[PDB]
Amino acid sequence: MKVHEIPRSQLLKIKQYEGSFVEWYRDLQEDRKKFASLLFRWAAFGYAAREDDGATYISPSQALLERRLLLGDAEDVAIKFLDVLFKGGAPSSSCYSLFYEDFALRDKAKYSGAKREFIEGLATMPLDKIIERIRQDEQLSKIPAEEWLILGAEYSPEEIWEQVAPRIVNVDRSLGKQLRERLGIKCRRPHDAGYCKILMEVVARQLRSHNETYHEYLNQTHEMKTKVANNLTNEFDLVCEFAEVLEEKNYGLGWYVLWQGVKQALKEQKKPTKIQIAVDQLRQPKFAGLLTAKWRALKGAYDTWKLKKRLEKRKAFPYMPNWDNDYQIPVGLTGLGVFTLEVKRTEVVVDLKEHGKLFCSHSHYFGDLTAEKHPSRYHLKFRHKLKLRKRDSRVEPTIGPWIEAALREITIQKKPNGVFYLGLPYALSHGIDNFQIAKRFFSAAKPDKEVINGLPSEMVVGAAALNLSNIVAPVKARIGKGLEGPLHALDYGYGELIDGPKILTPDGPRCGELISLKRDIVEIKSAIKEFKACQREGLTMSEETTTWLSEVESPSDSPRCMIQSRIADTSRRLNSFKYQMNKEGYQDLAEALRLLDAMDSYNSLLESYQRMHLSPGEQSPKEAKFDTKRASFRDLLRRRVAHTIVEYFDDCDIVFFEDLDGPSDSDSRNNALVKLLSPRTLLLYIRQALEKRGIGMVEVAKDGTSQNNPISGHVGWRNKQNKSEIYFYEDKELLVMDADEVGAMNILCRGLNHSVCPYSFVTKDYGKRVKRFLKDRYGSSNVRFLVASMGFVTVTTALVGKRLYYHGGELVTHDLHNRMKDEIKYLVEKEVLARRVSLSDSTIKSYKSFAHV
RNA sequence: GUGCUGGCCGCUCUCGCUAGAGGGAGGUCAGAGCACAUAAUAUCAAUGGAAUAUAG
DNA sequence: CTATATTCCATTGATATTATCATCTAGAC
DNA sequence: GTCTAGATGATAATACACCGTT
């Protein structure tokens, strides 16, 4: 049920409601946000005061000292009630008895099916099997095993069941009822059952959302403390006291400062260096210990200091949740409320029995929707339709394939603009075949024979690249057990291409016009900044700045009129690329990402242009504009790219992707450029689109997947001038390939080999992905390494903490790796002509890249 | 059904003027293809701006 | 004027939790 | 019989990695 089904959802807006529906909704919301606070104040939770931004906090002890006054003699009961609702599951089905007045318990337990199959064969089942079955089940654990055996032996199954039922009844199932009598709890509809069932099931979700976050945070604030407490070194203390003195003189320490200071401390400068305080402080003999310290220890001393600094900025406890925002009310078909759905020609009717009907519109996401009632579910058939809002259109209306799903619940929610929405969570049906093949086999470096014997006899596989430019570069293939071809797949056999590497979509002609329009904005920003900082000293503009300002025609010839005209020029030149690239419905995806950065820099330009008139020494707080037009144009660009990848690999079983890394901390200098691509959400939007069609997906390591030879496994040099070319030097000959195709082919190659073959590692090799490699190729997982010859190595059973590479099948040293790149470079500036080779042509015999067998 | 777009006109805020640029709200003319898993809570990092030290 | 660095304020990228029922059972007609 | 609501349901699974070199 919830194993081989894909849960998706969508919403229909409720056009009109009749009956007591609004009273039903608002009572539920108000009772939820009241009893959530009441339950939060029972289970003593520590929390930080929102008033002072967590400067002070409420301890977990005064919460107990206050619950004692708030609750009274009922501490024992409430503790059990909270635990039962926190653990959840099946046993928490009868907790709605706290809000219901007409609740009726059952002194006899329900005769479940498992009880049935436990009853037919109790007599013919020996004593050693009367302990394992019952040690887990709590209900059955109320009777000793020997009593079970004797009862089964000398009684009739009916008279075992009739006798044994009263004891196995859970006693704490009326706990929520008895608490209501003890405290006199009054909800708003005490004589209704669906209301109570909905209310308790919604309150429990919001409390179990905070319980797991609380207990996780209070543990996460301990591992960092331990990690700092372990990494104590001399370099750590040196860096810490250096940071302390720089903070005494309000400088502070950064990684760039920690390397420039070290290097420039030894030498002497003439012009004032960007950093002077730090280098001067390094001049002192106090900080001479770290000058001879190894780099590996220095990194562990700096990272430990950064981690210790982050921990000092932690609140004692998480904030208290904000219950004010409305929840999403669920109503089902078996007990948890009730509804009937029946599709008409022009409307969809939802009938809440005593709470009135709801009339809903049709959508193009549920086109041609038909619903047939079944015993405890619905059957849906709908086709996605093209949403042509233009009355007269010039595009042919497209339809989609039939989709079948089972619907069993609906949701109602109220948006802040007072519009109710009906949500239909529907589950699609697909095989669990290839998801298991992807997750179980293609990802694990050491799959077991249990799955290996069950691998299919044929497959289709693919690969792709994701970059800011040339977004998708795919390659198709076909592997097959008992088949011969160039590609090699570990533990499975061989393979062969069916569609050679290429570029799915080249970047459009408008993608180069949008990259200079951002330089214009950045330079006009700095120009305006200098145009403001200069007036403080009453100086004069630089000639080059004025000449730059001159070209755009201004009404006057004032400099501050030139910038004011250029700001208008850029606005009028960006608004031309919105209406003109929207008219086409955002056709080319590559050029629709540069426009996003155009917008982003334009907002900062205006943000700094609205403050050009200020005076020194004051402060200018922002103003909170209300907009969501930048989070709704970015959420379309990560869906279109996901759909484009899926539609191409529609006749494939598995697709291989590299695991890109998201934006990082302040040390990295390119956080503002990987936030445009947003790789980690793009890889999440791709996965859902693939999963909707029963296709697996594997993420392989990206280390060095763009600087090898797909054929021979040798290293290559990437031209800095031209970023779409990579050069190789083999057999005293110079070869040329394409850069992105090399990435796609290497992604496929490490996909088929489970990426178990390494690219670069630094000897202490502690890793399920390299340990198996050492055994499979060299012979032992535990081996020592000693350098020899001209830069090769000889694996034996010394060097510690060194960066060893791998090219051509033999490990090398870092110096040799640099020198091969240098010789390729030295030869390429000698203008030696090279011949291009293709990865899609035939007559290639093997693919040794990232292969190690 | 949700989402994403500009031309143009008065009103009203912000700044400056040898001169105009930006924000909010409204009216009107057009354009309009292609994607859609929908929500509640909590935590971390940074981006952008402003000011302040500074040294040199 | 170009770097390093401190405080304030939205706003964004990213990842964790909570969810997307089934099967007796007693009463009316 | 056939609906139609209210009160109660064994366990119930799947990968891997950070340690220089701009």
# chains A, B, ... in the order shown; residues from 1 in each chain; ligands from 1

call {"tool": "residues_around", "arguments": {"residues": "range 48-54 of chain B", "least_positions_apart": "4", "cutoff": "6 Å", "atoms": "only C-alpha atoms (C1' of nucleotides)", "output": "list in words"}}
result
residues 604, 619 and 620 of chain A

call {"tool": "write_last_selection", "arguments": {"atoms": "N, CA and C atoms", "output": "mmCIF file, in the first residue's frame"}}
result
data_model
loop_
_atom_site.group_PDB
_atom_site.id
_atom_site.type_symbol
_atom_site.label_atom_id
_atom_site.label_comp_id
_atom_site.auth_asym_id
_atom_site.auth_seq_id
_atom_site.Cartn_x
_atom_site.Cartn_y
_atom_site.Cartn_z
ATOM 1 N N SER A 604 19.502 44.951 -6.164
ATOM 2 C CA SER A 604 20.545 45.536 -5.323
ATOM 3 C C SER A 604 20.947 46.922 -5.810
ATOM 4 N N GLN A 619 21.731 55.655 10.740
ATOM 5 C CA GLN A 619 21.395 54.296 10.348
ATOM 6 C C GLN A 619 20.139 54.342 9.495
ATOM 7 N N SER A 620 20.077 53.456 8.506
ATOM 8 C CA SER A 620 18.897 53.376 7.664
ATOM 9 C C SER A 620 18.317 51.969 7.710
#

call {"tool": "interface_residues", "arguments": {"of": "chain A", "to": "chain C", "cutoff": "7 Å", "atoms": "only C-alpha atoms (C1' of nucleotides)", "output": "MDAnalysis selection string"}}
result
chainID A and resid 205:206 208:209 212:213 250:252 274:275 425 621:622 624 675

call {"tool": "interface_residues", "arguments": {"of": "chain A", "to": "chain D", "cutoff": "10 Å", "atoms": "only C-alpha atoms (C1' of nucleotides)", "output": "JSON, numbers by chain"}}
result
{"A": [89, 90, 91, 93, 94, 103, 104, 105, 106, 109, 110, 111, 112, 113, 114, 115, 133, 134, 136, 137, 138, 139, 140, 173, 193, 194, 256, 295, 296, 297, 298, 299, 300, 334, 335, 338, 436, 438, 439, 440, 441, 442, 443, 444, 445, 698, 699, 700, 701, 761, 762, 763, 764, 767, 768, 769, 801, 802, 803, 814]}

call {"tool": "interface_residues", "arguments": {"of": "chain B", "to": "chain A", "cutoff": "6 Å", "atoms": "only C-alpha atoms (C1' of nucleotides)", "output": "VMD selection string"}}
result
chain B and resid 1 4 to 6 19 21 33 35 37 to 38 40 48 50 to 51 56

call {"tool": "atom_distance", "arguments": {"atom1": "CA of residue 597 in chain A", "atom2": "CA of residue 541 in chain A"}}
result
29.1 Å

call {"tool": "atom_distance", "arguments": {"atom1": "CA of residue 841 in chain A", "atom2": "CA of residue 706 in chain A"}}
result
20.1 Å

call {"tool": "select_by_dssp", "arguments": {"residues": "range 622-756 of chain A", "states": "alpha helix (DSSP H)", "output": "PyMOL selection string"}}
result
chain A and resi 634-648+671-677+679-691+739-752

call {"tool": "select_by_dssp", "arguments": {"residues": "range 481-589 of chain A", "states": "strand (DSSP E or B)", "output": "list in words"}}
result
residues 487, 488, 489, 493, 494, 495, 496, 497, 498 and 499 of chain A

call {"tool": "residues_around", "arguments": {"residues": "residue 848 in chain A", "least_positions_apart": "5", "cutoff": "9 Å", "atoms": "only C-alpha atoms (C1' of nucleotides)", "output": "ChimeraX atom specification"}}
result
/A:486-488,709-713,749,808-809,853

call {"tool": "residues_around", "arguments": {"residues": "residue 734 in chain A", "least_positions_apart": "3", "cutoff": "7 Å", "atoms": "only C-alpha atoms (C1' of nucleotides)", "output": "list in words"}}
result
residues 728, 729, 730, 834 and 835 of chain A

call {"tool": "residues_around", "arguments": {"residues": "range 543-548 of chain A", "least_positions_apart": "3", "cutoff": "9 Å", "atoms": "only C-alpha atoms (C1' of nucleotides)", "output": "ChimeraX atom specification"}}
result
/A:527,551-552,559,562
